[PDB]
Amino acid sequence: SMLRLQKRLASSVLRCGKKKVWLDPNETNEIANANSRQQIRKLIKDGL
Amino acid sequence: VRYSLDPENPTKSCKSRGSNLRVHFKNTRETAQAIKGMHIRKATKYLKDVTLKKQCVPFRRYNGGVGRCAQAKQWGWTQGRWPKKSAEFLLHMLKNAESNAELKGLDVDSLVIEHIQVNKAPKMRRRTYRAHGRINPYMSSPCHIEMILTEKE
Amino acid sequence: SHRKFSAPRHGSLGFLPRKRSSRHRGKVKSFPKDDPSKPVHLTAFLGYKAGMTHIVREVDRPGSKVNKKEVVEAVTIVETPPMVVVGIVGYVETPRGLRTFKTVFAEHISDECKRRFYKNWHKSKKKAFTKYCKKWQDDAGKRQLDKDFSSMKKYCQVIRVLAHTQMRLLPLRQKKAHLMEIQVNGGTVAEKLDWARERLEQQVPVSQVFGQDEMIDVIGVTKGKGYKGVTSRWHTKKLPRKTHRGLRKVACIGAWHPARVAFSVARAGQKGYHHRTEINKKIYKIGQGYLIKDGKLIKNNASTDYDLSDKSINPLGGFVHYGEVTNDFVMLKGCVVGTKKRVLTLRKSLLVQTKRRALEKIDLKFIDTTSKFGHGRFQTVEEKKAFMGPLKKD
Amino acid sequence: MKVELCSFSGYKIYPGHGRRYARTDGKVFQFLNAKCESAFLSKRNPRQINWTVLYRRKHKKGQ
RNA sequence: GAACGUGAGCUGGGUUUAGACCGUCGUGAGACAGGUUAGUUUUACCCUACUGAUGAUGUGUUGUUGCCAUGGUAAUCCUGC
RNA sequence: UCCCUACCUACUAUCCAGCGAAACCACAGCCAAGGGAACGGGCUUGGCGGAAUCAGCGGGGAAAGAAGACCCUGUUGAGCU
RNA sequence: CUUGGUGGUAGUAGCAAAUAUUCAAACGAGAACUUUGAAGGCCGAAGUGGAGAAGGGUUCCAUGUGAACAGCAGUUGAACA
Ligand SMILES: [Mg+2]
Ligand SMILES: [Mg+2]
Ligand SMILES: [Mg+2]
Ligand SMILES: [Mg+2]
Ligand SMILES: [Mg+2]
Ligand SMILES: [Mg+2]
Ligand SMILES: [Mg+2]
Ligand SMILES: [Mg+2]
Ligand SMILES: [Mg+2]
Ligand SMILES: [Mg+2]
Ligand SMILES: [Mg+2]
Ligand SMILES: [Mg+2]
Ligand SMILES: [Mg+2]
Ligand SMILES: [Mg+2]
Ligand SMILES: [Mg+2]
Ligand SMILES: [Mg+2]
Ligand SMILES: [Mg+2]
Ligand SMILES: [Mg+2]
Ligand SMILES: [Mg+2]
Ligand SMILES: [Mg+2]
Ligand SMILES: [Mg+2]
Ligand SMILES: [Mg+2]
Ligand SMILES: [Mg+2]
Ligand SMILES: [Mg+2]
Ligand SMILES: [Mg+2]
Ligand SMILES: [Mg+2]
Ligand SMILES: [Mg+2]
Ligand SMILES: [Mg+2]
Ligand SMILES: [Mg+2]
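Chains as they are written, first to last, in the entry's author numbering: chain R, 2 to 49; chain P, 2 to 154; chain B, 2 to 395; chain W, 1 to 63.
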């Protein structure tokens, strides 16, 4: 739907360019409902 | 409301119109002539053929610069084009036209399209910038449509 | 003012409707005025342009420096398979013109020729000349035919014959036959008529019509080259480098006060696909085609008197853009108009050709058969096999 | 028609093609094509080149 | 010869702008059918015109092979025996 | 550079879908001679004439351009001597 | 002449500066241009990068919208709420 925000935050967390971030295309609707940094740190530990 | 031409037998006919349509005026006039006598079922197909550059429209009055094509020879003219945009609009207008007939209680597969007429509308305007600090206008040419169906087998 | 340095003009005004021809096949505009001294014969024929090749010959012209020498000379191949007679048509002479009097077709017409009378064959039912052929299966039809022939005995002066091509045998893609009118120049009209009536529905080869060391007039359409600017069309001078608005132009057209522009001035347009007439083309050789005898076919066309080797005119890997030349042909000197696979209308000479050169006798020593598809270096395959040897694939 | 031989390639030259080259010393040479001509002017020794006859001759190929 | 043909066809060496050098004249500002060198060359998509290209009326419809009234027009000169 | 022109490549122009200006415009727009403000698109007398249209083309429309800067007049001025 | 309005010219001229896009999937009425992934390219540390000054002044961020604007469209945006 729209995930540029999440890519941006992911890059700020990992301290790299968003050029390197790989997301799972399948769990799109699951990512879209993130909207927050701790919740992303949760997805990192989860491994998506 | 007052239409230009009153139908001869209101029981047989239905009305429909459409106001302030962002389309080129000149395209819609000639495409409107070819269809004028035809059957409704032939036209809704016919216009779809235009979308695929299968059957042309002959450009008679507004013919300045227009290139020649082979399919026009059915109509008896050289110049023709396949103007997509004008088709898509007055295909919405027939469906809206037909449904309204259903309320009046008529058979669709006898309806001949008796009349159609275009009018110019109030122009919009944006501007384009040119050399030596000169600002010309860059104006739209929108159009008013209206049509009248009659049953004819 | 006057032009300083006078110079001859570029081009000819006598051709200058440089336009695409409606017709594709060359019309024979004017045939010769026939004369009784000779017996009856046909004036014209229909060939096809295959390709080109070399020739070698000892020449005999006393007075020239090249006397007793072996020159070479370039030649074209025009495939002219036999044509089929299917009709006559009369032509009365008037002070207005030469009105067509009465055309008479035959009973049975082939489907190659029937193809011409329809635009879309697959669609059509092929119902042509059915109700007409009835005249050839009733008393009354042949009776009106006899009336027709008797009228043509009386009043008609000139007679042309309708002879179509046998395109089926050729490799080309089109199956649609070319019809054509052929004037007869011979004796009296009666004789001319009974001869064609005799030959109706019959084959006609070329050995009948033409002979060796004859001058003929070749007609045909030029190889078109599309749009070309005035420089390439009329061949003017280029302008120099410093020009602002281009140099491949003609700068001044005309004067002021002849306020129009004249028709003589060179403009831009179509080049080629003009109808054209080459004259004085000598027939060096009518080679016989492929024909079967004793089971096996005999195809050694190019075996000459001095070489006595089996090769045919067919070169290695076929003639380019054509096929296999099985039918009879002619071997003309020099170029001729038109591209490959292009129809080429041959005609007998109007003028009485009688010079030292026109009476010259031809004796061929060698015909080159080497490939045109690149620098060929082998006449025939067995010579190749010897020079190279056995290959890996075998 | 003396079907002259090519100096370089060793091929049999047929009448109409090819191009003779007559030098100031004498020594009239025949060449089949510019490929031979260019090698001739750059003075490359033909005995090394595979497609020539002298190679297959030198190394005793065939027979 | 044709707007001393022909610049929205070129070029811009010279004449004929502004900068500067010389000789003579003029007290001077300046001058010279007296020399010298450097110096922005605009627009075509209109109408017609010509070029080439589709096409049009009439023969009931459609092909076919054909006819010519009109326009255009072409060859040139030289050498040797 | 020229005798002497040829070929190739990209971007366009070309055709299409979408979107879409302006300068200019008395009416209009086939020719010869004639007389006429002494070089006419219209007049006279002659030659003639056939729908609607496309890509090019630069002969004409004394084409557009900017109330002529050279010249003259002005009982109009400024800069300088 | 002044202001205001409308024509032909025209659905034409035109939307050509610096190599480039292609396949599938998702929301959605509708997708050449949105997003993700995949593949191919470029800027090639005197940068099409990361940070500041003068200067602009809420354009920053999120959610929703699809009238008008972004010289085609747009489910997008420095537009609107
Ligand atoms: Mg018009
Ligand atoms: Mg045009
Ligand atoms: Mg602009
Ligand atoms: Mg002279
Ligand atoms: Mg220049
Ligand atoms: Mg070839
Ligand atoms: Mg002049
Ligand atoms: Mg100029
Ligand atoms: Mg001029
Ligand atoms: Mg000067
Ligand atoms: Mg002094
Ligand atoms: Mg004539
Ligand atoms: Mg478009
Ligand atoms: Mg005038
Ligand atoms: Mg002009
Ligand atoms: Mg002028
Ligand atoms: Mg003034
Ligand atoms: Mg004045
Ligand atoms: Mg005064
Ligand atoms: Mg006075
Ligand atoms: Mg004063
Ligand atoms: Mg254009
Ligand atoms: Mg265009
Ligand atoms: Mg640009
Ligand atoms: Mg570019
Ligand atoms: Mg680079
Ligand atoms: Mg930054
Ligand atoms: Mg922001
Ligand atoms: Mg867009």
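Don't be surprised by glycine CBs; every beta carbon is placed ideally from N, CA and C.
Contact set between residue i and chain W, taken where Cβ atoms lie within less than 8 Å
i, result
"residue 71(B)", "1"
"residue 288(B)", "The contacting residues do not exist; residue 288(B) stays about 20 Å from chain W at best."
For residue i, the residue or residues it bridges with in DSSP
i, result
"residue 45(B)", "348(B)"
"residue 164(B)", "86(B)"
"residue 39(P)", "DSSP, once it has assigned bridges, lists no residue as partnering residue 39(P)."
"residue 102(B)", "Looking at the DSSP assignment, residue 102(B) forms no beta bridge with any residue, so it has no partner."
"residue 59(W)", "DSSP output for residue 59(W) lists no bridge partner at all."
"residue 221(B)", "277(B)"
"residue 211(B)", "Residue 211(B) pairs with nothing; no bridge assigned."
"residue 72(B)", "58(B)"
"residue 315(B)", "In DSSP, residue 315(B) forms no bridge with anything."
"residue 145(P)", "120(P)"
"residue 59(P)", "81(P)"
"residue 330(B)", "80(B) and 288(B)"
"residue 15(P)", "150(P)"
"residue 298(B)", "293(B)"
"residue 129(P)", "137(P)"
"residue 228(B)", "271(B)"
Contact belief for residue i with residue j at Cβ below 8 Å, rounded distance in angstroms
i, j, result
"residue 109(P)", "residue 99(P)", "6 Å"
"residue 155(B)", "residue 168(B)", "Not really, about 37 Å apart at Cβ, beyond 8 Å."
"residue 51(B)", "residue 89(B)", "Wrong, their Cβ atoms sit about 32 Å apart, outside the cutoff."
"residue 137(P)", "residue 17(P)", "Not quite, the Cβ-Cβ distance comes to about 38 Å (not below 8 Å), so this is no contact."
"residue 49(B)", "residue 321(B)", "The pair is not a contact, with the Cβ atoms about 14 Å apart (cut-off 8 Å)."
"residue 209(B)", "residue 85(B)", "Their Cβ separation, rounded to whole angstroms, is 13 Å, which puts residue 209(B) and residue 85(B) out of contact at 8 Å."
"residue 178(B)", "residue 113(B)", "4 Å"
"residue 92(P)", "residue 48(P)", "6 Å"
"residue 349(B)", "residue 44(B)", "5 Å"
"residue 85(P)", "residue 51(P)", "7 Å"
"residue 367(B)", "residue 308(B)", "7 Å"
"residue 231(B)", "residue 268(B)", "6 Å"
"residue 92(B)", "residue 157(B)", "6 Å"
"residue 21(B)", "residue 271(B)", "6 Å"
"residue 63(P)", "residue 30(P)", "7 Å"
Neighbour list for residue i in chain B, Cβ cutoff strictly below 8 Å
i, result
"residue 14(W)", "369, 371, 378 and 380"
Within chain W, the residues that residue i reaches when beta carbons sit closer than 7 Å
i, result
"residue 375(B)", "None at all; the shortest Cβ gap to chain W is about 10 Å."
Per-residue contacts from residue i into chain B (C-beta, under 9 Å)
i, result
"residue 62(W)", "390"
Chain-ordered neighbours of residue i on chain B, where CB pairs are closer than 7 Å
i, result
"residue 11(W)", "378"
- Name, going along the chain, the residues of the stretch 31-42 of chain W whose beta-carbon falls closer than 8 Å to a beta-carbon of chain B. 32 and 33
- Output, in sequence order along the chain, the residues in the stretch 306-334 of chain B whose CB is closer than 8 Å to any CB in chain W. none
- Message: Can you pull out the residues from the stretch 73-92 of chain B whose beta carbon lies closer than 7 Å to at least one beta carbon of chain W?
- Response: 73
- Query: Using a beta-carbon distance cut-off of less than 8 Å, what residues from the stretch 37-61 of chain B approach chain W?
  - Reply: 55 and 57
- Query: Within the structure, which residues are defined as neighbours of ligand 3 by a Cβ-heavy atom distance below 7 Å, reported in chain order?
  - Reply: 129(P), 130(P) and 131(P)
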